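In what follows, residues are counted from 1 in the order of the sequence shown.
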Amino acid sequence: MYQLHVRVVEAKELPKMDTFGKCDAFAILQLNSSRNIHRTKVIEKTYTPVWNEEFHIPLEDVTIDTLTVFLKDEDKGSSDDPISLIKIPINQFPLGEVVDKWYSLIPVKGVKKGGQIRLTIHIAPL
């Protein structure tokens, strides 16, 4: 069994999600379609949030598992609007190696750009 170490470092080139603001972005990490998800804090009113938050996620299968990274906007009412997401195959990470990379997110319908998110990932024995 293995564990996924994911640092949600920062994002840039986010879309404007507020008429008079910028973006109030947070990230959500989901492995496969697991009920267990992980979430960053919101960074208010910025296009270049830095969270620098590390997460540990138990893995089921280092070859077929997927990490979905969602970017969402903290809106002012009862709900948060989706921004974008990317689905990252875990098989692209060689065991033990640290990979620090930017990822282009795919925007949802009606959002003009998805942004880029920087993640540092390594697979480690439990």
Side-chain angles (χ1 to χ4, degrees), residues 2-18 20-34 36-125:
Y2 294 73
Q3 195 177 42
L4 186 73
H5 291 216
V6 181
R7 187 172 298 269
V8 180
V9 181
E10 60 182 333
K12 63 183 166 198
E13 296 161 11
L14 303 184
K16 186 184 274 279
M17 299 296 288
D18 203 309
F20 299 104
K22 300 170 178 170
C23 197
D24 309 320
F26 66 102
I28 299 172
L29 276 39
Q30 181 182 31
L31 190 75
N32 304 320
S33 57
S34 169
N36 299 314
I37 61 170
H38 304 252
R39 177 213 206 266
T40 70
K41 298 175 196 185
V42 179
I43 311 305
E44 309 286 349
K45 290 185 180 66
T46 180
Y47 296 120
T48 47
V50 176
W51 304 275
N52 202 37
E53 184 176 5
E54 173 75 4
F55 299 92
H56 296 170
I57 304 177
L59 290 169
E60 301 164 10
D61 185 302
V62 291
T63 292
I64 65 188
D65 277 354
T66 302
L67 178 72
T68 302
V69 180
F70 298 90
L71 211 52
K72 300 218 186 292
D73 182 63
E74 185 198 44
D75 288 285
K76 298 309 165 218
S78 286
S79 62
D80 299 328
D81 290 5
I83 299 165
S84 56
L85 70 71
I86 186 181
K87 293 166 181 174
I88 299 169
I90 299 302
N91 71 329
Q92 77 189 56
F93 303 106
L95 303 172
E97 199 226 311
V98 172
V99 177
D100 175 7
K101 180 189 298 183
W102 289 88
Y103 296 85
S104 279
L105 299 136
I106 304 167
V108 300
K109 191 178 185 174
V111 171
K112 284 194 169 180
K113 45 171 160 181
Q116 294 191 82
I117 191 163
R118 178 183 187 177
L119 309 170
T120 303
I121 291 168
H122 71 95
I123 299 173

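- Of all non-hydrogen atoms in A27 and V8, the two that sit nearest each other are CB-CG1, 4.1 Å.
- Taken from NZ in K22 to NZ in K45, the straight-line distance is 10.0 Å, to the nearest 0.5 Å.
- Connection of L95 to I90 is established within a shared hydrophobic cluster, with ILVMFWY side chains joined at heavy-atom distances below 4.5 Å, either directly or through further cluster members.
- Residues in residues 92-122 take part in these ring pair (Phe, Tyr, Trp, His ring centres under 6.0 Å) pairs, two or more places apart or across chains: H5-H122.
- Partners of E10 by side-chain hydrogen bond (donor to acceptor under 3.5 Å, both in side chains), not counting sequence neighbours, listed by chain and number: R118.
- The nearest pair of heavy atoms linking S84 to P107 is CB-CA, 3.7 Å.
- Rounded to the nearest 0.5 angstrom, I117 CD1 and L85 CG are separated by 11.0 Å.
- Annotation: side chain of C23 is not in contact with side chain of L71 (no heavy-atom distance under 4.5 Å).
- For the side chain to side chain contact (heavy atoms under 4.5 Å, CB included) with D100, the lone residue among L119, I121, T120 that qualifies is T120.
- Hydrophobic clustering (side-chain heavy atoms under 4.5 Å, transitive across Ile, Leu, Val, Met, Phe, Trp, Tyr) groups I86 together with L31.
- Here the shortest heavy-atom pairing between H56 and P58 reads O-CD, 4.0 Å.
- Closest of all the heavy-atom pairs between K113 and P15 is O-CG, 3.1 Å.
- At a threshold of 4.5 Å between non-hydrogen side-chain atoms, the residues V42 and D80 do not count as touching.
- Closest approach of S34 and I37 over heavy atoms only: O-CG2, 4.0 Å.
- No continuous path of ILVMFWY side-chain contacts below 4.5 Å connects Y47 to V50, so the two sit in separate hydrophobic clusters.
- Of the possible donor and acceptor atoms, one in the side chain of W51 sits under 3.5 Å from a partner among the backbone N and O of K41.
- Residues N32 and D65 have side chains in contact (heavy-atom distance under 4.5 Å, counting atoms from C-beta outward).
- Taking the side chain as every heavy atom from C-beta outward, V108 and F70 never approach each other to under 4.5 Å.
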| message | Determine whether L4 and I123 satisfy the following criterion, side chain to side chain contact (heavy atoms under 4.5 Å, CB included), listing intermediate values before the conclusion. | response | CA-CA 5 Å; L4 186 73; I123 299 173; 3.9 Å; yes
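- Across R39 and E53, no two heavy atoms sit closer than the pair O-OE1, 4.0 Å.
- Residues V62 and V6 share a single hydrophobic cluster, defined by chaining ILVMFWY side chains whose heavy atoms lie under 4.5 Å apart.
- Evaluation of the side chain to side chain donor-acceptor pair (under 3.5 Å) test over residues 68-79, restricted to residues two or more places apart or in two chains, returns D24-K76.
- Put simply, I106 and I83 are part of two different groups of oily side chains (I, L, V, M, F, W, Y) that touch within less than 4.5 Å, one to the next.
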| task | List the steps, then state whether side chain to side chain contact (heavy atoms under 4.5 Å, CB included) holds for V111 with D81. | result | CA-CA 10 Å; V111 171; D81 290 5; over 6 Å; no
